[PDB]
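**Student:** Got a structure here, written out as structure tokens. Questions coming.
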Amino acid sequence: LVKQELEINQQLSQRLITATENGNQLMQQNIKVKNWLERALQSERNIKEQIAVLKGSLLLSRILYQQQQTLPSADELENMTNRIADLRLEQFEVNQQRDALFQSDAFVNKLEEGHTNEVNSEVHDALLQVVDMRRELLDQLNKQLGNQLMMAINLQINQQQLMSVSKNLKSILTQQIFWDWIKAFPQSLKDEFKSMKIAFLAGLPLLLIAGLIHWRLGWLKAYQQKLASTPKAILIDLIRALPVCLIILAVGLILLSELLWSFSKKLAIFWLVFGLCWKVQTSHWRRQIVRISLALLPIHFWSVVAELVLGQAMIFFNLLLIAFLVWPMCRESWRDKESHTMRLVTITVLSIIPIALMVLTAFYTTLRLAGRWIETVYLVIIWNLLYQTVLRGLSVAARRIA
Amino acid sequence: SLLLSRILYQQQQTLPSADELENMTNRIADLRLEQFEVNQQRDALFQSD
């Protein structure tokens, strides 16, 4: 009888010791986090004051880079809110146990029931003393746990505030950053090189979807050929391109790695644009679109991490290549004067962007406009295709009405 | 909180049974009538002589 009480008391003491050690570690971590958060708040206020008066300062970019490098990483925060609920439940359980053991005499009388053959005058006193000691230890552990829970709640509030502050600091750095060299780059090349050094279920369903979609697309192509011999053929080609794009996007998502997710998000539209030519001279265009797709892919790779000087080395040549490719089209367009040149304006804007990106990058945020330029080009192409389809449909409807 | 179901079960088990209440309001009326009768008897016996 007394052995069980002694074992329970020992278990309670061990639990209290472990909880106290965890509370001390958490308090130390919370104090370190609070110190870092105060430092960050002071630094953010200082940076805001400076940017209020440090307008148009190239070296201020270096200062902002240093400040960002000084910012601590908030990703190491442990969302122990579940542990906080566990502590609250443990405290409630301890309170319930203490309330059950509040009446030491009643508890001893209840425990002595059906055990009078092993209970004596000394046994009752020993049981009462053990119950009192267990109650005292439970009260001490409950107080320690409540103090630890308060400290953890304060730490969680401080950690949330510090994460918000770091996010706001990143936002402010971006807002401030919003608005010879090659010889130095030879040495920086080595530095850059040194700097370099459910999913299975989704993948299998994607494989089965593609396996079925092979025959589905065969049947769809047969149906499209039967219907055409065209707006119907164009719609069928668009639908066929859409299923392949969806399958590729699902495969990429299963394969995704933060940069990979945004890369696939852009690659959805990129592959849609690429397959628009595959599903729709046209034969000459079907072979010449490979260069455009490859150029978009390097641009996608160089601009994926933007929205979230080595990287511009490929872009410097890509801009010149795009300008050279547009030059033959402009020369062909320049041969016609009375003909409409509505699409030349978009081509001229795209070429100006390729020239500006490679010219003004020698303040350095000129590469940001490329993301909008690519989207504008894609929108213009989609608008032209939709206009052609609408013209064909209107002609068909007018012929039918006549 | 799934375990909160166990806590609620314990709390309900701790609740005492109110069905054992004795609605002695009739006994209260009987006591009031007895007190009125005693007052009447005392008033009748107020003048000892």
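For the structure tokens, the naming scheme is as follows: chains receive sequential letters (A, B, ...) according to their order of presentation, residues are indexed from 1 within each chain, and ligands are indexed from 1 in presentation order.
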Taking only C-alpha atoms into account, what are the residues of chain B at most 9 Å from chain A, put as a list in words?

**Tutor:**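 Matching residues, ligands excluded from the count: residues 1, 3, 4 and 7 of chain B.
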
**Student:** I need the residues in chain B that are helix (DSSP H, G or I) according to DSSP; give them as a ChimeraX atom specification.

**Tutor:** /B:3-14,18-20,25-44

**Student:** How many Å separate CA of residue 253 (chain A) from CA of residue 308 (chain A)?

**Tutor:**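 Taking CA of residue 253 (chain A) as the start and CA of residue 308 (chain A) as the end point, the length is 17.6 Å.
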
**Student:** Please determine, counting only C-alpha atoms, which residue among A:248, A:229, A:186, A:278 has the shortest atom-to-atom distance to residue 206 (chain A).

**Tutor:**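 Closest candidate: A:248.
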
**Student:** Have a look at CA of residue 101 (chain A) and CA of residue 132 (chain A) and let me know their distance in Å, one decimal.

**Tutor:**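 Separation between CA of residue 101 (chain A) and CA of residue 132 (chain A): 8.3 Å.
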
**Student:** With only C-alpha atoms as the counted atoms, please give the residues lying no more than 12 Å from residue 184 (chain A), apart from itself and same-chain residues fewer than 6 positions off, as a ChimeraX atom specification.

**Tutor:** /A:190-191,309-310

**Student:** Restrict the selected residues to N, CA, C and O atoms and save them as an mmCIF file, in the first residue's frame.

**Tutor:**
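Output below, filename out_6.cif:
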```cif
data_model
loop_
_atom_site.group_PDB
_atom_site.id
_atom_site.type_symbol
_atom_site.label_atom_id
_atom_site.label_comp_id
_atom_site.auth_asym_id
_atom_site.auth_seq_id
_atom_site.Cartn_x
_atom_site.Cartn_y
_atom_site.Cartn_z
ATOM 1 N N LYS A 190 34.776 32.854 -58.679
ATOM 2 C CA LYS A 190 35.187 31.837 -57.716
ATOM 3 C C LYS A 190 34.383 31.941 -56.427
ATOM 4 O O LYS A 190 34.006 30.921 -55.840
ATOM 5 N N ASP A 191 34.113 33.167 -55.971
ATOM 6 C CA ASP A 191 33.304 33.353 -54.771
ATOM 7 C C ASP A 191 31.890 32.821 -54.975
ATOM 8 O O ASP A 191 31.325 32.169 -54.091
ATOM 9 N N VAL A 309 26.108 39.455 -59.265
ATOM 10 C CA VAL A 309 25.958 39.737 -60.688
ATOM 11 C C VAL A 309 26.142 38.499 -61.545
ATOM 12 O O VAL A 309 26.070 38.597 -62.778
ATOM 13 N N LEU A 310 26.381 37.336 -60.936
ATOM 14 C CA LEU A 310 26.571 36.116 -61.713
ATOM 15 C C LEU A 310 25.298 35.725 -62.454
ATOM 16 O O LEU A 310 25.358 35.260 -63.598
#
```

**Student:** Considering only C-alpha atoms, give me a table of residues in region 59-172 of chain A that are at most 8 Å from region 16-27 of chain A, with the closest atom pair and distance in Å for each, as JSON lines.

**Tutor:**
```
{"residue": "A:140", "atom": "CA", "partner": "A:16", "partner_atom": "CA", "distance": 7.9}
{"residue": "A:141", "atom": "CA", "partner": "A:16", "partner_atom": "CA", "distance": 5.0}
{"residue": "A:144", "atom": "CA", "partner": "A:20", "partner_atom": "CA", "distance": 6.5}
{"residue": "A:145", "atom": "CA", "partner": "A:19", "partner_atom": "CA", "distance": 6.8}
{"residue": "A:148", "atom": "CA", "partner": "A:23", "partner_atom": "CA", "distance": 5.1}
{"residue": "A:151", "atom": "CA", "partner": "A:27", "partner_atom": "CA", "distance": 6.6}
{"residue": "A:152", "atom": "CA", "partner": "A:26", "partner_atom": "CA", "distance": 7.0}
{"residue": "A:155", "atom": "CA", "partner": "A:27", "partner_atom": "CA", "distance": 8.0}
```

**Student:** Taking 2 positions as the minimum chain separation for residues in the same chain, which residues sit within 9 Å of region 324-332 of chain A when counting only C-alpha atoms? Answer as a PyMOL selection string.

**Tutor:** chain A and resi 319-322+334-336+344+347-348+350-351

**Student:** Please dump the current selection as a PDB file, in the first residue's frame; keep C-alpha atoms.

**Tutor:**
```
ATOM      1  CA  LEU A 319      18.921  40.310 -74.186  1.00  0.00           C
ATOM      2  CA  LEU A 320      21.210  40.695 -77.203  1.00  0.00           C
ATOM      3  CA  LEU A 321      19.903  37.445 -78.702  1.00  0.00           C
ATOM      4  CA  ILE A 322      16.299  38.605 -78.261  1.00  0.00           C
ATOM      5  CA  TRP A 334       9.426  47.570 -92.214  1.00  0.00           C
ATOM      6  CA  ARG A 335       9.032  46.248 -95.772  1.00  0.00           C
ATOM      7  CA  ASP A 336       5.268  46.876 -95.488  1.00  0.00           C
ATOM      8  CA  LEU A 344       4.915  45.994 -83.839  1.00  0.00           C
ATOM      9  CA  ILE A 347       7.535  43.915 -80.180  1.00  0.00           C
ATOM     10  CA  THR A 348       9.167  47.347 -79.979  1.00  0.00           C
ATOM     11  CA  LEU A 350       9.842  44.057 -75.675  1.00  0.00           C
ATOM     12  CA  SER A 351      12.995  44.923 -77.631  1.00  0.00           C
TER      13      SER A 351
END
```

**Student:** For residue 365 (chain A), which of A:35, A:384, A:288, A:175 is the closest residue, counting only C-alpha atoms?

**Tutor:**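 Once distances to residue 365 (chain A) are computed over only C-alpha atoms, the minimum belongs to A:175.
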
**Student:** Give me, as a PDB file with N, CA and C atoms, in the first residue's frame, all polymer residues having an atom no more than 10 Å from region 366-368 of chain A, counting only C-alpha atoms and skipping those fewer than 3 positions away in the same chain.

**Tutor:**
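Saved as around_30.pdb:
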```pdb
ATOM      1  N   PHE A 178      13.047  49.244 -53.846  1.00  0.00           N
ATOM      2  CA  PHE A 178      12.132  49.272 -54.981  1.00  0.00           C
ATOM      3  C   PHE A 178      12.638  50.171 -56.101  1.00  0.00           C
ATOM      4  N   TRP A 179      12.703  51.474 -55.851  1.00  0.00           N
ATOM      5  CA  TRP A 179      13.138  52.420 -56.871  1.00  0.00           C
ATOM      6  C   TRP A 179      14.660  52.432 -56.998  1.00  0.00           C
ATOM      7  N   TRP A 302      16.145  32.650 -64.022  1.00  0.00           N
ATOM      8  CA  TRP A 302      16.804  33.825 -63.469  1.00  0.00           C
ATOM      9  C   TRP A 302      15.853  34.756 -62.731  1.00  0.00           C
ATOM     10  N   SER A 303      14.540  34.609 -62.915  1.00  0.00           N
ATOM     11  CA  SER A 303      13.581  35.496 -62.274  1.00  0.00           C
ATOM     12  C   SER A 303      12.654  34.802 -61.286  1.00  0.00           C
ATOM     13  N   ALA A 306      13.118  36.191 -57.797  1.00  0.00           N
ATOM     14  CA  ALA A 306      13.007  37.641 -57.681  1.00  0.00           C
ATOM     15  C   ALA A 306      11.824  38.033 -56.801  1.00  0.00           C
ATOM     16  N   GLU A 307      10.623  37.577 -57.161  1.00  0.00           N
ATOM     17  CA  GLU A 307       9.418  37.969 -56.440  1.00  0.00           C
ATOM     18  C   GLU A 307       9.375  37.437 -55.014  1.00  0.00           C
ATOM     19  N   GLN A 312      23.139  37.487 -63.855  1.00  0.00           N
ATOM     20  CA  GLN A 312      22.885  38.329 -65.014  1.00  0.00           C
ATOM     21  C   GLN A 312      23.826  38.042 -66.178  1.00  0.00           C
ATOM     22  N   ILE A 315      21.733  36.515 -68.804  1.00  0.00           N
ATOM     23  CA  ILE A 315      20.731  37.480 -69.244  1.00  0.00           C
ATOM     24  C   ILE A 315      21.348  38.526 -70.161  1.00  0.00           C
ATOM     25  N   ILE A 353      12.825  46.816 -73.746  1.00  0.00           N
ATOM     26  CA  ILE A 353      13.119  46.173 -72.465  1.00  0.00           C
ATOM     27  C   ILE A 353      14.381  45.323 -72.547  1.00  0.00           C
ATOM     28  N   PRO A 354      14.586  44.497 -73.578  1.00  0.00           N
ATOM     29  CA  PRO A 354      15.856  43.757 -73.668  1.00  0.00           C
ATOM     30  C   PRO A 354      17.072  44.661 -73.758  1.00  0.00           C
ATOM     31  N   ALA A 356      17.232  47.872 -72.570  1.00  0.00           N
ATOM     32  CA  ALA A 356      17.363  48.599 -71.311  1.00  0.00           C
ATOM     33  C   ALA A 356      17.925  47.709 -70.209  1.00  0.00           C
ATOM     34  N   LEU A 357      17.482  46.451 -70.150  1.00  0.00           N
ATOM     35  CA  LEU A 357      17.954  45.547 -69.105  1.00  0.00           C
ATOM     36  C   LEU A 357      19.456  45.313 -69.213  1.00  0.00           C
ATOM     37  N   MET A 358      19.963  45.152 -70.434  1.00  0.00           N
ATOM     38  CA  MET A 358      21.391  44.937 -70.633  1.00  0.00           C
ATOM     39  C   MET A 358      22.194  46.231 -70.624  1.00  0.00           C
ATOM     40  N   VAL A 359      21.542  47.390 -70.719  1.00  0.00           N
ATOM     41  CA  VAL A 359      22.262  48.658 -70.749  1.00  0.00           C
ATOM     42  C   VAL A 359      22.392  49.251 -69.351  1.00  0.00           C
ATOM     43  N   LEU A 360      21.269  49.405 -68.652  1.00  0.00           N
ATOM     44  CA  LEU A 360      21.242  50.148 -67.398  1.00  0.00           C
ATOM     45  C   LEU A 360      21.639  49.315 -66.185  1.00  0.00           C
ATOM     46  N   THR A 361      21.950  48.033 -66.362  1.00  0.00           N
ATOM     47  CA  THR A 361      22.277  47.167 -65.236  1.00  0.00           C
ATOM     48  C   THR A 361      23.712  47.330 -64.746  1.00  0.00           C
ATOM     49  N   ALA A 362      24.530  48.126 -65.427  1.00  0.00           N
ATOM     50  CA  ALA A 362      25.919  48.318 -65.025  1.00  0.00           C
ATOM     51  C   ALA A 362      26.010  49.050 -63.689  1.00  0.00           C
ATOM     52  N   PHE A 363      18.588  51.176 -58.369  1.00  0.00           N
ATOM     53  CA  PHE A 363      19.476  51.455 -59.491  1.00  0.00           C
ATOM     54  C   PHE A 363      19.767  50.187 -60.288  1.00  0.00           C
ATOM     55  N   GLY A 371       9.834  40.559 -65.591  1.00  0.00           N
ATOM     56  CA  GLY A 371       8.696  39.747 -65.198  1.00  0.00           C
ATOM     57  C   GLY A 371       7.390  40.283 -65.751  1.00  0.00           C
ATOM     58  N   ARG A 372       7.208  41.603 -65.686  1.00  0.00           N
ATOM     59  CA  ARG A 372       6.018  42.209 -66.269  1.00  0.00           C
ATOM     60  C   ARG A 372       6.053  42.159 -67.790  1.00  0.00           C
ATOM     61  N   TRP A 373       7.238  42.302 -68.389  1.00  0.00           N
ATOM     62  CA  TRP A 373       7.343  42.295 -69.846  1.00  0.00           C
ATOM     63  C   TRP A 373       6.960  40.938 -70.423  1.00  0.00           C
TER      64      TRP A 373
END
```
